[PDB]
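give me the fold of what follows.
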Amino acid sequence: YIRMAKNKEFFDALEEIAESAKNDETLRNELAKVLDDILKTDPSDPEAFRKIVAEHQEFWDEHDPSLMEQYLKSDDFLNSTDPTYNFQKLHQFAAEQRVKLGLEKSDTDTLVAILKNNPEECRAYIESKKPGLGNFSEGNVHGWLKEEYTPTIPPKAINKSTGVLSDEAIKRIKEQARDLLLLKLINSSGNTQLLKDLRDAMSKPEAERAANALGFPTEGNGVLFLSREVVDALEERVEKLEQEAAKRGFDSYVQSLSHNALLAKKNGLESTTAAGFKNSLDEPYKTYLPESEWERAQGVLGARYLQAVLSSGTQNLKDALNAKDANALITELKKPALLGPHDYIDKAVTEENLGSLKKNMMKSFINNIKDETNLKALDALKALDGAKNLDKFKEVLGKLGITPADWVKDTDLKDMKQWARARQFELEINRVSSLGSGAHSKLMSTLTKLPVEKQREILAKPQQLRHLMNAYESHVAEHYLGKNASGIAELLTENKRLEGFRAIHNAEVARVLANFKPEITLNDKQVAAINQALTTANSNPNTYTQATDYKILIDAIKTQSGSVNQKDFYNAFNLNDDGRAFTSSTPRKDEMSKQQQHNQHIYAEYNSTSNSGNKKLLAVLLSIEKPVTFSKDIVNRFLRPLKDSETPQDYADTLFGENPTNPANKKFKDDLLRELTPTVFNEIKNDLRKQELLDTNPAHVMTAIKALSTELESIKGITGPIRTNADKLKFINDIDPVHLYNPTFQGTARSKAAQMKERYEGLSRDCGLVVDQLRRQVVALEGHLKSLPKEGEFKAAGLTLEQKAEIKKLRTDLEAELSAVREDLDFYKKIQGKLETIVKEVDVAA
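Residues are numbered from 1 along each chain as shown. Shown next is the protein structure:
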């Protein structure tokens, strides 16, 4: 080797200078000449060549003096045959370097065309862009050949000048072109998913499609390879787009948030830095929101979170509802009792907020109205429901603790009275049900959706809430609710699910099992075994103080629920997670004990008796919560009058009174009539009328076989006339056609048919009545011959041939009526329907 020369030093200098001409527009115009000349020269003419490189000495000395030192013409300092850097190389390299300098600022269409064209076609293309990408025409640069052309049908210009722009040189030119075309495409795409497909690809075939979709050409794909410069710029483009996307989308997303969602953002909103705040959002905003937005976004999401948490909370809101302006409402909400000292609440701003906020705070207030010392809750609420003026309101909102209340609008008066009524219901159902008002969510909805007036009615007559919890067929609900009122379907199925718990043998186990987070669903055989578990528990004299014996009661129930987390079960009954021992704060078990202590004497009969009629009356009794212990003498006083009482109401009255004076009684009468439905009371009754029919005296058997036969004759006298009129009322209106008419009076052409309508729908309302009546008799008749044992297992001393032929007379007569009445029920319904189709053809006709 040697090296005593400037040949590398010029390669290396040109290369640097070209880089610094990226952003120095005049230096490129200088460096283009330096090249434009070096190019014009013949390479293999060491005189002429070194003449031309020397004759730009002023431009050489301008970058680096250490290129220059009679010695210029001497090829001592400048090698003519360097193994790595000739004149042939420094000409070839200066050509590459020329076209590279030119495309650095050239348009998208050129950039494409260089990628589009093959090396041959690419050289000829460079000639057509003259002097843009150098002066590459014949004669103007030495190596440069004549343009040849292909033999293809549309001929394509090619230039086979490898001596100056080598095949490896035009690849490097395409390399540089690609990059710049991409940066052009990247900086101009708003389409973020495409950009991402490119950055996140892991194989040429989708690096392709991603590129091709941005506008990179199909022809370029061969050389498509991400440099680290294009990557770096791509990566920082998406982060730009996502941020200004997320900044824009936020104010919408906040409005999109559900109530529970809003509520979950608290830890976020209280965050002392933007990282935290941001970390509590959902994923677009969780990262790509910019921190600059934060202070603003605290407010936008804040004032929605102030609406949500103030609306739904239990905190005391007197002072904050009485706030003077926003500035005072703020200093109130920052108080530790409320939302705490946090910057976010300094976006509860006077403008839109403190109206909106106070209306929302008023919902909380009303819902946490409490039996205070001078005022009942139901009075306070009904005061608010009652009053008519805005000023008649402010008068009571005086007494509730809100002065001035001059902020209270007129429009809102209807909304906030609904909150007053809704709350009234909440309480009145809590008063009526052993269970929670929560346990009747669907019932609590349907009342809140009855129109303004009916609400006030059902509230003035609260006893029907009782009847509604015992409404299981839609017509029963309708009779108290409305015509076809909203949400009945759901109400009924609530009542069907609750009946298990409502008839469970202890009111604590009722409450918690009914109000479990996943919903449980029972069979009667499940609740049998649950009530069986509680009898073993009442048998055990330390179920509620020995933790291993409290477990025997829970372990028994557990199994019957059947399918949930063990732990919540145990905690919800005040035990630790294991079972091992009681949790320190022990209220659920405490009331269980208080209940199951009152079921001492009641259980004492429940176990003794074979009277599987009034077993059921005890079962309902111990399934109702009691203030007090219910002695052995009151169990006797409960069981006495049931035989002689005909209805549930007549049963209550003779126990307690017409309007029993003593509050603790009045409540238990109300609570007793809730569980003694007309339906279950009959079940008790004709169960205990099985009893007198199971007796060992024929004295008693027959004294109740005759009774029963008297009630059958009653039933036959209601059915009698309904039978004799039946054959008549059909034969007339069954063969009857329905295009026709019957005109027999005066009036208008349309009012003839209209009042012949009134006459048919009069008959439709007679049949309906009959239908209802026969419905009751089939229920009754069934009721009776359930009560009758069946030729066998009579468990009685000798029955004579007249006695045993009389009881068999009864069965057959009972079944022979039941069977018979069905004829008519069927038939009367046919006539029912038959009219409905005649009445609604007079509608479409007249």
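
so how far is residue 363 from the nearest residue to residue 326 once chain neighbours are set aside?
Closest residue to residue 326 in three dimensions, ignoring its sequence neighbours and counting by Cβ to Cβ, 6 or more residues apart in numbering: residue 350, at 3.7 Å. No exception for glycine: its C-beta is placed from N, CA and C like everyone else's. Per Cβ to Cβ, to the nearest Å, residue 350 is found 21 Å from residue 363.

neighbour count: these two, which is higher?
Each of residue 350 and residue 363 has its neighbours counted (other Cβ atoms under 10 Å); residue 363 has more, 21 against 12.

buried residues, stretch 112-124. List them.
Going by neighbour count (16 or more other Cβ atoms under 10 Å), the buried part of stretch 112-124 is 112-117, 119-124.

quick one: contacts of that stretch?
By Cβ atoms under 8 Å, 6 or more residues apart in numbering, the residues outside stretch 112-124 that reach it are 103, 125, 136, 147, 156-161, 165, 167, 170-171, 173-174, 177-178, 181, 216-217, 219-220, 223.

so which of the residues you listed are in strands?
The strands in this structure, assigned by DSSP state E, contain 157-158 from these.

buried members of the contacts of stretch 112-124 into PyMOL, please.
Filtering these down to the buried ones (16+ other Cβ under 10 Å) takes a single PyMOL command:
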select buried, resi 103+125+136+147+157+158+159+161+165+170+173+174+177+178+181+216+217+220
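
residue 227: what's it in contact with?
Residues in contact with residue 227 (Cβ under 8 Å, 6+ apart) are residue 179.

cool, and residue 63?
Here residue 63 is in contact with 13, 16-17 (Cβ under 8 Å, 6+ apart).

among those residues, which are in helices?
13, 16-17 (DSSP state H).

with just CA atoms, put stretch 663-670 into CSV.
Extracted in CSV, the C-alpha atoms of stretch 663-670 (Å, rounded to 0.1, in the frame of the first residue of the first chain):
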residue,chain,number,x,y,z
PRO,A,663,-98.7,0.3,67.0
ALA,A,664,-96.7,-2.9,67.6
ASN,A,665,-100.0,-4.9,66.9
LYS,A,666,-101.2,-2.7,64.0
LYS,A,667,-98.0,-3.5,62.3
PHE,A,668,-98.2,-7.2,62.9
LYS,A,669,-101.9,-7.2,61.7
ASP,A,670,-100.7,-5.5,58.5
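
which positions in it come out as buried?
For stretch 663-670, burial by neighbour count (16+ other Cβ under 10 Å) applies to 665, 667-670.

contacting residues around it?
For stretch 663-670, contacts defined as Cβ under 8 Å, 6+ apart pick out 432, 463, 466, 624, 626-628, 652, 655-657, 659-660.

tell me which of those residues fall in helices.
Using DSSP H, the contacts of stretch 663-670 in helices are 432, 463, 466, 652, 655-656.

farthest pair within those?
The most widely separated members of these, counting by Cβ to Cβ, are 432 and 655 (19.1 Å).

still on that earlier bit, looking at the buried residues of stretch 112-124, which is nearest residue 60?
After measuring these against residue 60 - Cβ to Cβ - the closest member comes out as residue 123, at 29.2 Å.

nearest residue to that closest one other than its sequence neighbours?
Residue 123 sits nearest to residue 159 (Cβ to Cβ, 6+ apart), 3.8 Å away.

phi, psi for that neighbour please.
Main-chain torsions, residue 159, degrees, to the nearest 10: phi -140, psi 120.

what of residue 317?
Torsion angles at residue 317 (phi, psi; degrees, to the nearest 10) stand at phi -120, psi 10.

count the neighbours of it for me.
As a burial measure, residue 317 scores 25 neighbours (other Cβ under 10 Å).

can you pull the contacts of it?
By Cβ under 8 Å, 6+ apart, the contact set of residue 317 is 310, 338, 361, 364-365.

restricted to buried residues, select the residues you listed in PyMOL.
To isolate the buried members of those in PyMOL, using 16+ other Cβ under 10 Å:
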select buried, resi 310+338+361+364+365
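
filter the contacts of residue 317 down to the ones in helices?
Among these, the ones falling in helices (DSSP H) are 310, 361, 364-365.
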